[PDB]
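This document opens with one chain alone, in structure tokens, the form deposited without the DNA.
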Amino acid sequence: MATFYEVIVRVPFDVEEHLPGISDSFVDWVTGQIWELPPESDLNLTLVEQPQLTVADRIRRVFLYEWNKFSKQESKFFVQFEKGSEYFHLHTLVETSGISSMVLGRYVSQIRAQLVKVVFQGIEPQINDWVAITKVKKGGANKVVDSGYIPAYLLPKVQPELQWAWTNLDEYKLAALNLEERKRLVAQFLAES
């Protein structure tokens, strides 16, 4: 099956705790963006934190576009935005094609720098390891997972942990924002294992 790298991005949004020194334009931006559920979604919008989602989507797009620069293709991805116990964060799965594991660190470092400039007005987020490549173990190699990781680990999340998801993988397009479809794929995954 298709192989992917996973980068978890903790989403900064608090001007005191995460982004000291940022201008008013940040709060104005995240406060003014209205989100609507697509017709095919069955999510409860009241459980979705829009200001954080606004930052998350921008991070996702900037990350992917920068990744495409390195992969030199429209890389396949599955990105899931979640409200964790400590941080809102993105599980960013991007296919390995065109990106060697030894150079991934430098690439992701460059992507982080781009995020700081574009999304955060040059302000460094005060969150520990806010852009982290998932490793096999501490100090180990960059973890590589296949498509199965999606239905096995990401699709099972429900609201409010699950906040939103995006993908250009046809197999998961419907599942991204549909709990019933996620339920179907999770069931299918268990049956096959």
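Start at 1 and count along the sequence shown; that's the residue number.
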Higher-scoring stretch by recorded Cα B factor average, 141-149 or 46-54: 141-149
Mean C-alpha temperature factor, higher of 107-115 and 94-102: 94-102
Top Cα B factor in the deposited entry, candidates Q159, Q33, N68, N168: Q33
Candidate set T134, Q163, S41, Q126 [ranked by C-alpha B-factor, highest]: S41
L185 - Cα temperature factor, lowest/middle/highest third of chain: highest
Third of the chain's Cα B-factor distribution that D14 belongs to, per the entry: middle
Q73 - Cα temperature factor, lowest/middle/highest third of chain: middle
Chain-relative CA temperature factor third for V62: lowest
Assigned third (lowest, middle, highest) for the C-alpha B factor of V27: middle
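Another form exists, deposited with the DNA bound; not displayed. Remarks below refer to it.
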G140: touches the DNA in the deposited complex, heavy atom cutoff 4.5 angstroms: yes
4.5 Å heavy atom contact, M102 to the DNA in the deposited complex: yes
Partner contact for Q73 in the deposited complex: the DNA, 4.5 angstroms, heavy atom: no
Proximity of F77 to the DNA in the deposited complex, heavy atoms at 4.5 Å: no
In the deposited complex, the residue from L43, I133, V145, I127 that sits within 4.5 Å of the DNA by heavy atoms: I133
In the deposited complex, residues of 104-123 near the DNA [heavy atom within 4.5 Å]: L104, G105, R106, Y107, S109, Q110
